[PDB]
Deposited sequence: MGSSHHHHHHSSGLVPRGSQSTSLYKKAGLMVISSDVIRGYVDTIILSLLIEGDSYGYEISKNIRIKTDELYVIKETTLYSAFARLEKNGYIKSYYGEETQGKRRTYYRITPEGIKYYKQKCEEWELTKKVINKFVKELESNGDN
């Protein structure tokens, strides 16, 4: 297991990161998180679905709708790509700080 405190800081950035690869939807995103982390991080549904809500409200992603049978898909916005890049730079600084002490 990993730091809950750090991961809380990066949930949105991790979801944005997957959306930069391609448009996606709730179940695919959480599936992709656990698989790509080698099972080290499995995201809670409540964590995931309040993140979408926040990401949308903030204007970092947009919803759209598949065919009726309707699935909600998200696509990352230019404003969401810029938030992602800021958080990437932040992660680099965060790492630099903690690697000094935690060796």
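**Q** What's missing from the model if you number the deposited sequence from 1?
**A** 1-31, 101-103, 138-145 are the stretches of the deposited chain that have no C-alpha coordinates in the structure.
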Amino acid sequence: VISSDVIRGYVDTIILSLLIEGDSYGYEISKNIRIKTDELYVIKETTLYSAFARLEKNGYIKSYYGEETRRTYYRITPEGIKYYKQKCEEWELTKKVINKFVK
From here on, numbers count along this sequence of modelled residues.
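**Q** Between 41-49 and 26-34, point out the one with the higher average CA B-factor as the PDB entry records it.
**A** Between 41-49 and 26-34, it is 41-49.
**Q** By the recorded C-alpha temperature factor, relative to the other modelled residues in its chain, which third is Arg54 in?
**A** Middle third of the chain for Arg54's C-alpha B-factor.
**Q** Split the chain's modelled residues into thirds by Cα B-factor; is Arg70 in the lowest, middle or highest one?
**A** According to the entry, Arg70 has a C-alpha B-factor in the chain's highest third.
**Q** Please place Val6 in the lowest, middle or highest third of its chain by C-alpha B factor as given in the entry.
**A** Its C-alpha B-factor belongs to the middle third of this chain's values.
**Q** Which third, lowest, middle or highest, does the C-alpha temperature factor of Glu79 belong to within its own chain?
**A** Tercile = highest for this residue's CA B-factor.
**Q** What third of the chain, by the recorded C-alpha B-factor, contains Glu21?
**A** Within its chain, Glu21 is a middle-third residue by C-alpha B-factor, going by the deposited values.
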